[PDB]
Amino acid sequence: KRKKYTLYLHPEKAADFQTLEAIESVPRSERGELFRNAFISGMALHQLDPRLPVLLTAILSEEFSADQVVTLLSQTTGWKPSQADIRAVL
C-alpha cells in the first residue's frame, strides 16, 4: 500500500524558485524520501497552526534561519521559551 500525492510549484515566485534549487542539489535517487519527509513535516507545521506553512512559504528567502522559524512560531502559536541553559542565570 502507499498513497500518492501530487502538487505543483510556480518557478516564477521567489520561494518556489528557491525550493526548486534546493531540490535539484539532491540526487534523484534520494528525492522520494526527501519529498515524503518535507511533506510530512510541512503538514505537521500545519497541524500546529494552519497559517504556519503559508507563513514560512511567504517569508522564505536566502536569509531564512531557525530564528525566523521560532519567532514565526511564537506569533502563530504563542510558544515561549520554557527551558534554557543554566549559565543564563543572568
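So that there is no doubt, residue numbering starts at 1 and follows the sequence shown.
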74-82 versus 16-24 - greater average Cα B-factor per the deposited record = 74-82
ask   = For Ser41, does the deposited CA B-factor place it in the lowest, middle or highest third of the chain?
value = lowest
request  = Could you say whether, by C-alpha temperature factor, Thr57 belongs to the lowest, middle or highest third of its chain?
outcome  = lowest
key: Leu9 - which third its CA temperature factor falls in, relative to the rest of the chain   = highest
